[PDB]
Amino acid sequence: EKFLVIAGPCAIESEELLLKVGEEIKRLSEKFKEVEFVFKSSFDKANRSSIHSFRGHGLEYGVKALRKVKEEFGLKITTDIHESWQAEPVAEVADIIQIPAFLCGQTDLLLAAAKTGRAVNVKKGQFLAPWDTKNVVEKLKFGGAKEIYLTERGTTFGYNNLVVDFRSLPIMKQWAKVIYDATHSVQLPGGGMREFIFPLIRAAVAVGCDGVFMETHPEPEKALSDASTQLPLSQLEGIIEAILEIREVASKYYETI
């Protein structure tokens, strides 16, 4: 099947930053034809730690910038929603509606996403066991979702730390396509983070998944969010080529679910 790569800057800092990253993603999509790229960026960071942290430029502006990207590079789009009412307007540009980790259980948000007709990607909450995502998918199908994804982004392990229990990839795969989030899984809520992105991502594809999610920024050192975990845009190509290779050599061993 076709491997999915979801990438983009964490936050829509500006419509300019978006086109910049979009161009590189467009170039990679032309080189890696066996991959399905999806451009990602949040129009709003609805749960920053501090009130003084960057949030976004609004739903209207964000949807507008995301549309420019889709229009100029012909790339699929995905963004996340935080409240039911955002589902409809967001579905006008987003091919995949993403549900935040903390909200993976909110029945109304799930239902709002499902009826749009768009694909849905749920970030598995840090508090959720892998086998309990089964009902999250049941809710979505009930609400009309035909294209569903579950994203592994780590589990709470003590305070201010997340661990990736790779046993979850084959478990969640029983009821949905699985995406490994290479960026948030090494984050420390509130390991040295960055140095582990690449090795864990190798593990993901060795275990087996249907796609990976990576927040990439031209200059992570200057991002308005996830500055310490966003992958430098120049390294994106290398990471991709590498996971496609590992995936290929490992794939014949992938178990049938």
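One-based numbering along the sequence shown.
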| property | result |
| --- | --- |
| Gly190-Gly191 interval: deposited residues absent from the model | 4 to 9 |
| Mean C-alpha B-factor comparison - 67-75 and 94-102, higher one | 67-75 |
| Residue stretch of maximal mean CA temperature factor, 163-171 vs 181-189 | 181-189 |
| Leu28 by Cα B-factor - lowest, middle or highest third of the modelled chain | middle |
| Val5, C-alpha B-factor rank within chain (lowest, middle or highest third) | lowest |
| Lowest, middle or highest third - CA B-factor, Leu231 | highest |
| Lowest, middle or highest third - CA B-factor, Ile239 | middle |
| CA B-factor ranking of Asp210, expressed as a third of its chain | lowest |
